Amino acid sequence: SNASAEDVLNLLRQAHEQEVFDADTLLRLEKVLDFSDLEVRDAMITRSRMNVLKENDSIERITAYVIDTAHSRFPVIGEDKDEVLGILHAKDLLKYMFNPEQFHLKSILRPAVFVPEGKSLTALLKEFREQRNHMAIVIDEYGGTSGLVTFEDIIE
């Protein structure tokens, strides 16, 4: 026939009132339902607001910036934010705890995963869980950087 999320909601609210499951479960199911309507667009941090690291910055300046912002992962850029070279994970810096003089950012930089703004959060979540990924870079329909999106932001 034909249906809406509304019909599913009624169906579930019904089961709860018939005590098939409890209030907390009901809230969890409705949250999943609401989540299914969302896209990367809805959870991303926009380009002009991302905290990034410059390709050629010193270990001292990188480390201070990482501590200051307290993030765990950072896009690393070349000329500007439309040239993302990779992702640095804050804790990969600890490899240089005792030999900072040997710091080589390219030695610890990981490749960036790219996604479009229209991608469903359910697909993104599945891919984050599979790839053991935590951050993706969001690309606009022309190849430019639209922003970034994180696992911790979407599981909120």
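Residue numbers run from 1 along the displayed sequence.
A.B. asks: Select between 124 to 132 and 55 to 63 the stretch whose C-alpha atoms have the higher average B-factor in the entry.
C.D. replies: Mean CA B-factor is higher for 124 to 132.
A.B. asks: Taking the mean of the C-alpha B-factors per stretch from the entry, tell me the winner out of 15 to 23 and 135 to 143.
C.D. replies: Averaged over C-alpha atoms, the B-factors run higher in 15 to 23.
A.B. asks: Per the PDB entry, which option out of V40, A70, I108, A112 has the greatest Cα B factor?
C.D. replies: Out of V40, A70, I108, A112, the record gives the largest C-alpha B-factor to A70.
A.B. asks: Would you mind finding, among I87, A90, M44, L33, the residue with the largest C-alpha temperature factor in the entry?
C.D. replies: The record points to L33.
A.B. asks: Name the third of the chain's ranked CA B-factors that contains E79, choosing lowest, middle or highest.
C.D. replies: Highest third of the chain for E79's C-alpha B-factor.
A.B. asks: What third of the chain does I155 rank in for C-alpha temperature factor, lowest, middle or highest?
C.D. replies: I155: CA B-factor falls in the highest third of its chain.
A.B. asks: When the deposited Cα B-factors of this chain's modelled residues are ordered and cut into thirds, is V149 in the lowest, the middle or the highest one?
C.D. replies: Lowest third - that is where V149 ends up once the chain's C-alpha B-factors are sorted.
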